[PDB]
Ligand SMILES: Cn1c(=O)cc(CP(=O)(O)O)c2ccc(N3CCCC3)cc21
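First comes one chain, alone, set out as structure tokens in the form deposited without the named molecule.
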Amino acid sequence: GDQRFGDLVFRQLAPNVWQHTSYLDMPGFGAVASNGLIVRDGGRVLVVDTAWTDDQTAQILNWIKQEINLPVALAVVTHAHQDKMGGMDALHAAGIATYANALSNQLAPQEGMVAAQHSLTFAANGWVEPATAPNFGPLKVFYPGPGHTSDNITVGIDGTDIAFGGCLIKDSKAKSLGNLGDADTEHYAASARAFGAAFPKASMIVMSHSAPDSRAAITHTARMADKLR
């Protein structure tokens, strides 16, 4: 069951995997939820995405201290929007090593974000170049192509049935793709399908702006994105 912890919500998804949820009251758009992940890998914790703010991200770290009580070895953030990178300073203040797509780090300042410390680069086929993601343990990072943004990346969790689509994927009941302000409308559908093809065994799809769903999230997202072309 959901655990309310201050203004955030935490939900266990699998034995070593939790979803974090934070909210930003965006005037004209309501209070928008954003989800990321927390993964225990043996004696350390790995984080996918910040919360919207530094204060909220510090609260994620407080929850981790309370409920897991192991060091956070690293965080990876999945593009240069506030829901994913807004809390970078809190991660740095805590001494956590941070990683993002090279392109996300390049875009960060202009998007009003602080860059991660380290840049991921990607092979032509989309898989992260392993030397740029040292000590990622079960996190398998994949660049599916431009979609929600040019820089969006995705993360599978080895040893689980879970893959994280970030803001690229919406659930199977969604009426729209959400914020397309920085989207690549021509390539979105193919990128959504490439995410699915990269993690073919994942039966639980986690995403930023919907609750976890089946792979119907991927097919429905791609089918909606077909209409953008």
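Residue indices: 1-based, along the sequence shown. Heads up, when I say rigid core I mean the largest set of C-alphas that superpose within 1.5 Å between the two forms. Residues that one form lacks are left out of the comparison.
What comes next is about the form deposited with the named molecule bound, which is not displayed.
- In plain terms, the part of the chain that comes close to the named molecule in the deposited complex, with a heavy atom within 4.5 Å, is 166 to 174 out of 196 to 204, 64 to 72, 166 to 174, 37 to 45.
- For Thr160, no non-hydrogen atom is located within 4.5 Å of the named molecule in the deposited complex, even though that partner is not displayed.
- Although the partner is absent here, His209 is a contact residue: one of its heavy atoms lies within 4.5 angstroms of the named molecule in the deposited complex.
- Taking the partner from elsewhere, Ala190 is found to have every heavy atom lying beyond 4.5 Å of the named molecule in the deposited complex.
- Displacement of the C-alpha atoms by 2 Å or more across three or more consecutive residues between this form and the one not shown, following core superposition, is confined to the single run 27 to 30.
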